[PDB]
Each structure stands twice: as structure tokens, then as C-alpha cells.
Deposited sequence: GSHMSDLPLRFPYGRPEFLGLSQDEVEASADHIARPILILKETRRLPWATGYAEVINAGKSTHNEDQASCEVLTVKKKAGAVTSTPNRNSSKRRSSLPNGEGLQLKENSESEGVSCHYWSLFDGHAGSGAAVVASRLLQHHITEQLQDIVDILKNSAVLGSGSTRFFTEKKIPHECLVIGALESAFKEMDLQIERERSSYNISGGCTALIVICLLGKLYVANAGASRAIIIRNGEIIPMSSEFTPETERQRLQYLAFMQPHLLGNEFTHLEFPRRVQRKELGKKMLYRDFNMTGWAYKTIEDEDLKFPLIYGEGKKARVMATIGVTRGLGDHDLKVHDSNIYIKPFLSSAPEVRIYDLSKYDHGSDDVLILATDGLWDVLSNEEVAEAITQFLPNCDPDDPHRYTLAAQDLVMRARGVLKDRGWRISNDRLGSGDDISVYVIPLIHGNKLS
């Protein structure tokens, strides 16, 4: 078992924060929830801004991880990464340190050719890298305690193009002159319903005869055996009527609405790394067959636009987007960034901090509150602000 094995890496915060062990402990405060920002004395590539904050109490540690550095492919390749961990820190810490090496190795297989479109070769490298980061986690499970799982949002800049690769529910948007360019999509039971339902249909042994792949508008009761009810199948976007026939009384594979939706009443996110031994609650059904480490890759050509000082790429974990819409984030960046000197390298760290504070809020008597009395996010929050001007032509 994994709890008999040593950790592969010690827990920490993003190393580019340059935190001492004492400074890490100050950050893990559930009452203060101190927003950590990147020191002015430690600059990230492209003067990238970073801010983070711990959850409001649900876990003792911040289970987000981040990694940022310039790789060199034997070509330089800028690398930003965000990982949202669950059921432990092991996956997110391992991924935050080893994924960029899988990316570097797969890119070396095609680096000559970069000097079949080339974009499809880069995408292919990222897709193999995610798969090989898994698998390595899978095989090293038997020598190290790589706990839990994590989602992964990464971006690389290779030869004038940004590649945004997502396997989870973090989000990347570009704010280019006030308009929002979405660079990622989320992977959830709602958004992946048909993939999961189809797999449950083609592989019914994965359901352990505790589950049905059909969806219903509500929990089917035994008193409705033989009546007519709306259902939805894997090859349907809409609903039609069916008679309930014993099988439909099994618990549904997908169940719930939005952020309460779940797969086998267990997971609320359907892609990422780790979770190799994760099981359904009170059951011996393995969840991993329904999860995928395959990212969705979206490309942005920085050559085709002349980016100004307030044109930024926002990477953030669901801790931000769960309380702030894309338009709120756009509004916030566009109002804050014109208030800092365009030549100040601390600019985008301050905007990142401003975003976190707008999502964390302030602790009142019945919880954390943001603007207009809304509830503030209780998750870990991590935010990159990447200024796109560092990607301009010449």
C-alpha cells in the first residue's frame, strides 16, 4: 500500500515564491487567509504575475500547485503550469515538478522539424507528455506515496505561439483590449456526460451493477416502476419518454446540476492526473477508468496581433472562477492595470493579487464575503497574469 511508502517530494508552495519554511507556515492560516504574492526581488519569466491564497478551512494545506520556468529543448520554451489537487498533495506536487520534463522530452522528438503542420506536432507532444506524466505516477505508486489526484492547466510559448493545454476545471482566458478570448474549456460530468455514458454502455462491468448509464431529470423511485419518464442517453442531447424497467432504479452514473454534478456520486471533475486507486464511496468500483489524462490543446498566434501592456493571459484554478465570471475578471484587470506604471515589472503581480482578493473577500460573522454580499470562494485560489506583449513580433 502507498501509505507504507515515503513521499516522492516534500510538500511545499511554488518554489518560485522563494518561501522559507517559516514563511510557508504563515501562509497556511485559515482565518487570515494571507494572499501570497511573488516577491518584487524574484521576477518570473515575462515578468509574469502570480498570487495565491489558501482555502477557508476544508483542508490543512493549500492543495494548489504552480510551476513556471523557461525550458530548453535540445530552443527555449516558456512554461506556466497550474495544478489543483484533491484527496492529497502527492499528485499535484509530483506533477508540478515532473510534467515539464515530459514536455521537454516529447518536444525534443520533433525539435529539428520545427527548424503535417508543426502546430499538430507540438499538440501531439503535449498530449503524449500528459499521458507520460500519468503512467509515471502510476508505475512509481509502488515506491512512493504519490497521494490523490490533480487537474492540470499548462501553457507553453514555442516559436511565437501559445499552447494552452487543459485537463480539468482550471481556466485560461486572454483579455486583449477588454475582450475575452477563451483559451480553455472545463472537463466536468456535465460537459463530458456523453463520453462517460457511452463508456458505461460499452463497458457495463465498470458499473458494478450499482449504476445505470441513463440520465433522468430526478432520482427514479420504485413507486414509478412501469410509468413514463423523461430520460437522456449517450447519443441524445435532448430528452424523450421511456418506461421505467427495474434497471432504471439503479443509481445514475451522472447526477446533479452544475458544481454539484458528480460521476458515480464521487468525482466532480473528469480529467486530470493521478487517482489510480480512487474508488466509489462504499464500493469496490474504480473511478480511474472514467477519468482521462488527455488534455485539450488550444493555440494562440502572438504574431497576429500587436499586444499592449494591459493585454494579458489569465490562468487560474476553479477557486477563482467559482465566484468570478469571465466578465468580472475582464472588468477587474482592465480597471486595475491602467493604475500602475506601464514600466513597472510588479504590475501583473499586483493585478493577480487584486483578482485573488476580489475572489477571496473578507471574513464576516457568517463567512467570507465579496462584493454585493456574495459569498467568497472557500477554495485554494492561484492566479497567473502573463503579459502578452512579451510575445510580440521581432
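Problem - Sequence order list of spans that the model leaves without C-alpha positions, deposited numbering - result: Absent from the structure are positions 1 to 2, 77 to 113, 155 to 171, 451.
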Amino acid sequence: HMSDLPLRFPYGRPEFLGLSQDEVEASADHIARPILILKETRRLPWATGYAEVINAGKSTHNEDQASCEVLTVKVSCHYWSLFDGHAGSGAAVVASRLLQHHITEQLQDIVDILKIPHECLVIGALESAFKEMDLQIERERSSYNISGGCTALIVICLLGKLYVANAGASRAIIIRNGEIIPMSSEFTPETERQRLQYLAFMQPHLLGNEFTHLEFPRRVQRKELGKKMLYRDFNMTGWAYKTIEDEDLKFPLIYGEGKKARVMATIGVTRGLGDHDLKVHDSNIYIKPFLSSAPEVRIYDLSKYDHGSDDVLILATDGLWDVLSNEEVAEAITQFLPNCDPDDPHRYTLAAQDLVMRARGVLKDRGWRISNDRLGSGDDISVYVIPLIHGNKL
From here on, numbers count along this sequence of modelled residues.
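Problem - Per the entry, higher mean C-alpha B factor between 137 to 145 and 173 to 181 - result: Comparing 173 to 181 with 137 to 145, the higher average CA B-factor belongs to 173 to 181.
Practice task
Look up the CA B-factors in the entry and say which stretch, 155 to 163 or 254 to 262, has the higher mean.
Solution key: The stretch with the larger average C-alpha B-factor is 254 to 262.
Exercise for the section: Go through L38, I35, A66, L355 one by one and give the residue whose Cα B-factor in the PDB entry is largest. Expected result: The C-alpha B-factor peaks, among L38, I35, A66, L355, at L38.
Handout entry: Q197, C-alpha B-factor rank within chain (lowest, middle or highest third)
Key = Answer is lowest: the recorded C-alpha B-factor places it there.
Exercise for the section: Could you look up the Cα B-factor of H205 in the entry and say which third of the chain it sits in: lowest, middle or highest? Expected result: For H205, the deposited C-alpha B-factor lands in the middle third.
Handout entry: Position of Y348 among the chain's modelled residues by C-alpha B-factor, lowest, middle or highest third
Key = Answer is middle: the recorded C-alpha B-factor places it there.
Problem - Position of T237 among the chain's modelled residues by C-alpha B-factor, lowest, middle or highest third - result: Lowest third, going by the recorded CA B-factors of the chain.
Exercise for the section: Could you tell me which third, lowest, middle or highest, the C-alpha B-factor of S283 occupies within its chain? Expected result: CA B-factor rank for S283: highest third.
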